[PDB]
Every structure is written in structure tokens, then in C-alpha cells.
Number of protein chains: 2
Amino acid sequence: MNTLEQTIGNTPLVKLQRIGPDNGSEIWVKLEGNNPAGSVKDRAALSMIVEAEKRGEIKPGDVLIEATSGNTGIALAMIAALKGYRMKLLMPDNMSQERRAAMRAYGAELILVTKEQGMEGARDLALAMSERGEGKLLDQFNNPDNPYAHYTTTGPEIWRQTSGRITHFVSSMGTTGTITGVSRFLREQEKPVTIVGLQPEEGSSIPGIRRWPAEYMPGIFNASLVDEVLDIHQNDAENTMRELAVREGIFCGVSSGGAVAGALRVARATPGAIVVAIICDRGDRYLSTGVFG
Amino acid sequence: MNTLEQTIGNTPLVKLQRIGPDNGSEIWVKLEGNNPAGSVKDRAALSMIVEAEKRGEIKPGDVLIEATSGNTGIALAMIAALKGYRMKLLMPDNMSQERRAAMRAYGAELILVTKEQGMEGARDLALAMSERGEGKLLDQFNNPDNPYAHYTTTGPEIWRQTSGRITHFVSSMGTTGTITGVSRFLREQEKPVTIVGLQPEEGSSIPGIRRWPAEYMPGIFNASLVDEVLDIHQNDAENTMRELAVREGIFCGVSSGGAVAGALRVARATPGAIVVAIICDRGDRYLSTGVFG
Ligand SMILES: *Cc1c(COP(=O)(O)O)cnc(C)c1O
Ligand SMILES: *Cc1c(COP(=O)(O)O)cnc(C)c1O
């Protein structure tokens with residue numbers, strides 16, 4: 001159609017010109033910050049909602065519920081404003097103003113729990129509400145429609161954009177929808193492709209992702225779809241993030257620096273590798289946090 | 001050729017779904033925030049530098065100079081990082097720390113003048129430095145390569161995207177490069193097109209543009225290329241800006257709200273008009289100023 005919805009997905013895939021070893025390997029980055037609301041989350045938000053519409057579970061005017069407050073919140077608030085839904089976002093009351101402003105700007109309703117109840121308290125209340133019938137819960141960590149988005153758009157795009165030359169795919173794992181969906185699609189190809197997931201080192205804090213308890217991975221995660229899982233140190237992610245802006249002109253977030261850091265490790269260890277890493281969002285919303293300056 | 005440079009331009013053109021009169025008019029918005037560094041300035045930044053390279057005036061490694069601190073500064077810093085130039089941006093010492101960070105992230109060097117000297121003192125210093133042979137001055141307000149970017153990319157895209165249906169073009173004027181270059185291209189078409197330029201009402205403050213002294217328009221400006229100039233009140237631009245996010249899911253800046261406000265006036269006064277307005281940048285860098293949440 002002719003709406004903002006058609007600008008989601010089909011993000012550019014560009015090759016890094018300067019960082020990276022000179023051993024024949026190539027590093028390409030998928031610019032998810034190009035999505036309308038600035039991040040890879042626009043894909044899963046659209047998919048979770050669109051697929052629910054297709055099942056008759058929801059229709060414009062309905063209330064949507066989710067506990068979150070980062071890109072998923074921004075993305076859901078945007079899809080809600082775009083498609084005509086009432087979005088209710090649950091989060092602890094210690095959110096910066098700017099942080100909640102990104103979600104409120106789209107007209108989403110922010111429902112606060114106590115700092116103490118924290119993110120888990122929010123998850124619970126959101127669930128309480130969906131079971132009472134106060135609105136459809138999206139649940140990004142378990143909703144198969146999340147990876148479905150990447151199985152149908154992101155992965156095919158990457159395969160088409162690298163003309164099937166891709167040998168390694170690198171993704172920082174949050175819900176794991178991106179790595180799960182993209183892997184699912186790549187496995188269907190004859191040519192083998194190594195799937196590399198990244199998680200923060202214990203103690204490291206990288207916005208957008210988290211280190212999952214060994215046996216407490218999100219429901220949509222499928223260990224057999226990931227060939228390797230690497231740890232990325234906060235500092236290493238932040239340095240690569242700043243290096244991307246300075247040496248490539250690519251202004252992205254911390255997890256994106258982490259993804260390229262991982263792609264660098266891979267490229268260095270494998271001459272000739274054709275690595276694709278996901279750049280999750282732009283760096284704009286990180287400016288106030290000082291990671292840049 | 002596969003670098004971030006190829007993601008500049010070719011921005012989406014989407015139709016507003018809810019705001020606007022129901023009189024047969026259509027309002028389309030050109031999403032310039034989709035440019036790699038988030039603003040319409042990426043086009044002129046790339047053009048001024050590419051064209052100077054063609055003329056042999058500069059080559060990678062050289063110093064580039066410009067007095068500015070908004071989107072132009074950010075766009076120039078980004079092109080410089082992308083292409084390998086040493087960017088120097090001049091501005092008075094009263095820039096917020098976030099405003100400075102948007103330019104420094106790309107490795108640009110900021111050269112400060114006193115608040116007393118202000119933007120005009122910076123313009124002067126920049127000119128002096130270039131005359132002392134310290135670097136190539138870009139001069140966004142007088143450089144023909146600024147409107148040229150719009151004559152060759154922006155205008156042609158709009159004409160193609162609307163399949164020649166456009167009847168009115170609305171643009172908030174800063175350097176006037178966009179309205180100038182787009183008008184030049186549209187005038188070459190058989191079908192007439194009304195060119196509408198917008199400027200802030202006296203006393204109104206709209207980031208990115210300014211009310212030019214009657215007989216002191218920027219050098220690149222050509223009065224005959226613009227059919228009408230409307231005044232936009234700051235409040236009206238801010239309101240339309242907020243309403244775009246809420247009712248359309250389009251998150252953009254103040255001048256963009258002013259642009260859609262102008263397009264609404266045009267649409268309301270002319271049933272059946274096919275209006276195209278330029279959305280200059282995303283709203284992200286405006287959150288900290290409070291104009292939204
Ligand atoms: C969601 C997100 C990720 C991880 O993507 P998943 O598909 O959820 O694995 C990484 N970084 C940021 C900033 C994100 O918002
Ligand atoms: C520069 C700018 C404009 C004006 O565009 P011109 O092509 O310079 O007239 C409008 N809004 C914003 C935010 C700008 O950066």
C-alpha cells in the first residue's frame with residue numbers, strides 16, 4: 001500500500017570499508033535503524049500484530065498490552081498509532097522522561113509499576129490483564145510471530161542481498177527472534193551458513209539484550225538453530241560502536257557495536273568469510289546516555 | 001557500490017491516512033529522516049563534497065570547514081567520516097552537550113567561538129580560516145551544489161513517486177536548497193505545479209529554519225521559483241508535529257510539523273490537490289527539548 005507500513009523492512013545491507021582484517025573476508029551490516037521507528041523491533045511489532053489480525057484475535061480499536069520500554073515499546077506504540085490500536089505499555093516507574101517520551105509521542109498509554117516490582121512485576125501485571133480480558137498480550141519472548149517476521153522478511157532479504165554468498169550470520173540476542181527467524185530461513189538453503197549469536201559477558205551491560213540464565217532462554221529460542229554463542233564485553237561493544245561512527249560513518253547503538261565486534265572476531269578467524277551482522281538501531285537515542293560523549 | 005553512501009536519497013513518499021480534509025485532496029510526505037544521519041541535509045552534504053571532488057578542489061584527507069551545529073553539521077560530519085575527510089565545524093559555545101555529541105560521534109572537530117561572537121562570529125571565523133588556507137569552506141547558504149542535490153535526486157524522485165500527479169509542493173525553508181532544487185526540476189515539467197515555501201511567523205522559533213530578512217535571502221534562493229510563501233506559527237508547527245506521531249505514527253521534527261501544517265492549509269483551500277510536503281528529519285533528536293513528551 002501507500003502507507004508508512006510499507007517502509008518497514010527491506011533495510012539496506014552495506015559493506016564496511018575500513019574496519020576488519022585484510023584477509024579476504026567481508027563484513028556487511030544490515031541497517032535495521034532504517035525502519036520507521038528506528039530499530040529492528042518494527043519488524044516483530046508489525047508481525048505480531050498483523051498475524052493476530054489474520055487470526056481474528058484483534059481488530060483496530062482493540063487494546064494491546066506488553067511489558068517493555070525500549071525499542072519494543074517504541075515499535076509497538078508506532079504500529080499501534082499507524083494501524084489504529086490502543087497500546088498499553090507496562091514498565092517500572094524509574095524510566096527517564098526521554099525514555100518514556102519516545103513511547104508517549106505515539107500516543108501509547110504507559111502503565112507504571114514500582115521500581116521494586118521492576119520489569120518482572122510489569123510482565124506479571126501485563127499477564128494478569130490479558131487473562132482478565134483487558135487486552136491482547138503480545139509477549140515478545142514467546143510469540144512465534146516475532147521470529148516469523150525475520151523468517152519471512154529479514155532472512156530472505158539478506159540471502160537476496162548477498163546473492164547467497166553469506167557464510168556467517170551474526171546477531172546480538174535479545175528476544176532471539178531475529179537470530180531464530182533468520183536462521184530458520186538460512187537452514188533451508190543448500191549452502192551451509194554458520195549462525196553466531198552474541199550475549200553480554202557476565203557483568204556487562206548492553207542495552208537491548210541481556211545474558212539469559214543458561215536454562216532460562218526466551219521461549220522462541222531454539223538452540224539447534226544457533227551454531228555458536230559468543231560473549232561480548234560491554235566495553236568492547238561500546239568501542240566498536242564509536243569506531244563505526246568515526247571510521248565508517250555508521251552511527252548505531254551499543255548492541256550494534258557488539259554485533260560488529262563479533263563479526264570482526266569471525267572475520268579475523270576465517271579468511272574469506274562473508275559475514276553479515278545485524279545493526280539493531282541508530283545511535284540517536286543513545287546520545288543522552290553519554291556512551292558517545 | 002555497496003557503501004552507506006548509496007543509502008542517501010530515494011526516501012519513501014507516503015500518504016497521510018487520517019489528518020487532512022475529506023475533499024478529494026491527498027497529502028503525501030517525503031521522509032527525509034530516512035537518510036543515513038537522519039535528515040534532509042545528508043543530500044546537500046553529499047552533493048557539496050562530491051561535486052567539489054569532481055572539480056579537483058578536494059580529496060580524501062583534506063580539511064572541510066563550515067559554521068553550523070544542526071543537521072548540516074551532523075550530515076557533514078557523517079559524510080566526512082564516510083568519505084575520509086577531516087571535518088571542522090564552527091559554532092558559539094552555547095551548544096548543549098547532546099547537540100555537540102551528535103557531531104563529535106562522527107569524529108568531527110568542533111571549534112568554538114564565544115556566545116558574544118555567536119553564529120555570525122562563527123561564520124566569520126570559518127571564512128577567515130578558509131582564506132588563510134586552513135580548509136575548504138562549504139557555505140551551505142551560497143553553494144550551488146546544495147540545490148543541485150535536490151534538482152537531481154529529490155525532485156526527480158517526487159515526480160516519479162507521485163507518477164506526475166503532484167499539484168503542490170510544500171517546503172519549510174532554511175538554506176532554501178530543497179525548495180529551490182525541487183522547484184527547478186518541477187518547472188521543467190509540462191504540467192504546472194504550485195511551489196509553496198514556509199517560513200516562521202515573526203517571533204516564532206522553529207529549529208532548522210529561520211525567518212529571513214526580506215531582502216537578505218540566502219544566495220542560492222531564486223524568488224521566481226517559489227509561487228507562495230506562507231508563515232507558520234511555532235505553536236501550530238509543534239502541534240501538527242505531535243499530531244503526526246499520534247494519528248499517523250510518523251515521528252518527525254518541528255519544521256516537519258510546520259510543513260504538514262502548511263500542506264493542510266493548501267489541501268483545505270484546494271479540493272483535489274495532490275500535495276507533497278518534505279518531512280525533514282525524525283523526532284529523535286528533539287525528545288530532549290521537551291517539544292514532545
Ligand atoms: C531487540 C534488540 C536486539 C535483539 O534483537 P532480537 O530479535 O530481539 O534478538 C538487540 N539490540 C537492540 C537495541 C534491540 O532493541
Ligand atoms: C535545513 C533544514 C530545513 C530546511 O531545508 P533547506 O533545504 O535548507 O531549505 C528544514 N528543517 C530542518 C530540520 C533542517 O535541517
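Tabulated results
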quantity: Output for the stretch A:263-293, where each listed residue is within 16 Å of ligand 1 (Cβ to nearest atom) and β-branched (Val, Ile, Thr); calculated: A:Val276, A:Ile278, A:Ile279, A:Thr289, A:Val291
quantity: Selection within the stretch B:76-98 - charged (D, E, K, R) and more than 12 Å from chain A (Cβ to nearest Cβ); calculated: B:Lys88, B:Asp93
quantity: Of the criteria (1) hydrophobic (A, V, I, L, M, F, W, C); (2) more than 10 Å from every other protein chain (Cβ to nearest Cβ); (3) not in a helix (DSSP H, G or I), which one B:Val291 fails; calculated: (2)
quantity: Conditions (1) under 30 Å from A:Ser288 (Cα atoms); (2) not in a strand (DSSP E or B); number of the one not met by B:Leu110; calculated: (2)
quantity: Odd one out for B:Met241 among (1) crowded, with 24+ Cβ neighbours inside 10 Å; (2) assigned to a loop (DSSP other than H, G, I, E, B); calculated: (2)
quantity: Members of the stretch B:61-87 found to be within 14 Å of A:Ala245 (Cα to Cα) and in a strand (DSSP E or B), listed by number; calculated: B:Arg86, B:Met87
quantity: Qualifying position, being away from ligand 2 (no atom under 16 Å from the Cβ), crowded, with 18+ Cβ neighbours inside 10 Å and not small (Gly, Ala, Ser), among B:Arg100, B:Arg187; calculated: B:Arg100
quantity: Yes/no for A:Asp93 being without any contact (Cβ under 8 Å) to a residue 40 or more places away in the chain and within 16 Å of ligand 1 (Cβ to nearest atom); calculated: no
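Yes/no matrix, rows are residues, columns are (1) at positive phi; (2) more than 10 Å from chain B (Cβ to nearest Cβ); (3) in contact with a strand residue (DSSP E or B) (Cβ under 9 Å, 6 or more places away or on another chain):
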| residue | (1), (2), (3) |
| --- | --- |
| A:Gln6 | no, no, yes |
| A:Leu16 | no, no, yes |
| A:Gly20 | yes, yes, yes |
| A:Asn23 | no, yes, no |
| A:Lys30 | no, yes, yes |
| A:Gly33 | no, no, yes |
| A:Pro36 | no, no, yes |
| A:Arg43 | no, yes, no |
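Heads up, the Cβs are rebuilt from the backbone with ideal geometry, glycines too, and the neighbour counts pull from every protein chain shown. Values quoted throughout were computed directly from the atomic coordinates according to the rules given, and no laboratory measurement underlies them.
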